């Protein structure tokens, strides 16, 4: 028995819509925290259970609202999700990494009572869009206790990240901002061969696909987080032996499948 398992047995259909957990929100004002720009927490309500936590970063010039759908989506499948605002909307990837670190520490140590009651502080993960995805890669190198990292259409000028944290990268085939040939693909390639890694490429999608409801992003991000944050092997089936017409590519070293 897995004490971290949550929710009914999954179907792919179910992972393309909000899940079985009711979601509450808490707006973190900029003035209330140090080390990051506040943000929005999406968390389960109507439950006595605890769940893993995820800190998520938007990209350059964006605010937390650009990943509201995904914060809600993940929370509704059983996670405490803090989508940050950054100190400045212009902050670069390695600044966003520091701010994700501050946000995780905030969840663990000074988050509101109703949020903290729902969190298992031992089980944390990161995700982020674009420069926020570069930040995700960098904090994976800095914090080996993280359970998982999901860079979405990531951007970074550095290409090699030395992490043991399981990484699933989402690229967008037609991304012209963080082109996959220069960003997502090199990131995937250059992670250690011994780290569980997946690359999923959205067919004919733009850089901004992560900023609105997206079935593929939903399936893969929920599944990776479930597998690693919750040890929930019921989600292997969506990540192994993949054939998804929403994707123009799927690559892995298959370390997650057994």
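Positions refer to the first chain, counted from 1.
Between the stretches 27-35 and 198-206, it is 27-35 that shows the larger average CA temperature factor. Between 138-146 and 151-159, it is 138-146 that carries the larger average Cα temperature factor according to the deposited entry. Across 127, 114, 184, 80, the greatest Cα temperature factor reported in the deposited entry is at 114. Sorting the modelled residues of the chain by their CA temperature factor places residue 49 in the highest third. Annotation for residue 92: C-alpha temperature factor in the middle third relative to the rest of the modelled chain, per the entry. The PDB entry assigns residue 121 a C-alpha temperature factor belonging to the highest third of its chain's modelled residues.
Compared with the other modelled residues of the chain, the Cα B-factor recorded for residue 242 ranks in the highest third. Residue 193: CA B factor lies in the highest third for its chain, per the PDB record.
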